[PDB]
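Presented below, as structure tokens, is a lone chain in the form deposited in one PDB entry.
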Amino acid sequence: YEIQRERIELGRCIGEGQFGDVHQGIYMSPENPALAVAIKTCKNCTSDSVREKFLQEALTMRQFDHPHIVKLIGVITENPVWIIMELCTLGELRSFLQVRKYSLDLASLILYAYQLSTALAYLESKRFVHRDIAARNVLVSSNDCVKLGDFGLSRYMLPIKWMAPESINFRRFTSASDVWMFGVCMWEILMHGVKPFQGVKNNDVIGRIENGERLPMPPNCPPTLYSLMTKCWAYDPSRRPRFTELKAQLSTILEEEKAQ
């Protein structure tokens, strides 16, 4: 898991994290072809507390092995401390959707929702609660492949417009509150990267949700898919489906779209 710094060709900065800049780059793997990687850097990792907190983000990702969750490639524990992650070449999902808009067929938008449900069903199997499921934290590996981005790099692991009522009211975060967030993420995909409750103040969102109001059916969204979103948005968390159920229904919805 230790990587030697001379085996890294550092490229363009692709974002800013809590500990430092994130770069795109190449990892010259021994006896293998070079890999496209994402480099999480750390500015203040000279302090033992900062370094321990930063390296804990790599340990979090190390425990996951799923094709739709970014992989930890390795770490560089010499100063400056770097975390080497798998690169998703095409970048952030919200930007990809805004550029490609209706040129992305429905079969592709449903495929993205399905792929995310397989990663979230995998996290659920390992009893891990994400807390920040949103299109902002999804990345694009290729035209037919999306992935959950780095967990440390995710800002809220307050996004009130994505949160379940029990998370807003009592700060309760469970796999059921992740399902509510995933429903909002599915809505964002079908809306081509448009943010939920745009132009609505965060305090009024809570009132609307309690009153039974939900995000509208996106244009050209299959009714079976909008029905699946409304099940994620059941006020009572015990009435919301689990990720394995969402995965099965999304698979059926994807097959039906491919048929026509």
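One-based numbering along the sequence shown. Just so we're on the same page, rigid core means the largest C-alpha set that superposes within 1.5 Å between forms.
From this point on, the text means the form deposited in another entry, which you will not see here.
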Item checked: Rigid-core fit between this form and the one not shown, the member of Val194, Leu55, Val200, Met217 whose C-alpha shifts 2 angstroms or more -> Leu55
Next item on the list: Classify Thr46 as shifted (yes) or not shifted (no) between this form and the one not shown, where shifted means its C-alpha moves by 2 Å or more with the rigid core superposed.
Entry: yes
Margin query: For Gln18, does the CA position differ by 2 Å or more between this form and the one not shown when the superposition is done on the rigid core?
Written below: yes
Notebook entry, point to check: For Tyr112, is the CA shift between this form and the one not shown at least 2 Å following rigid-core superposition?
Noted result: no
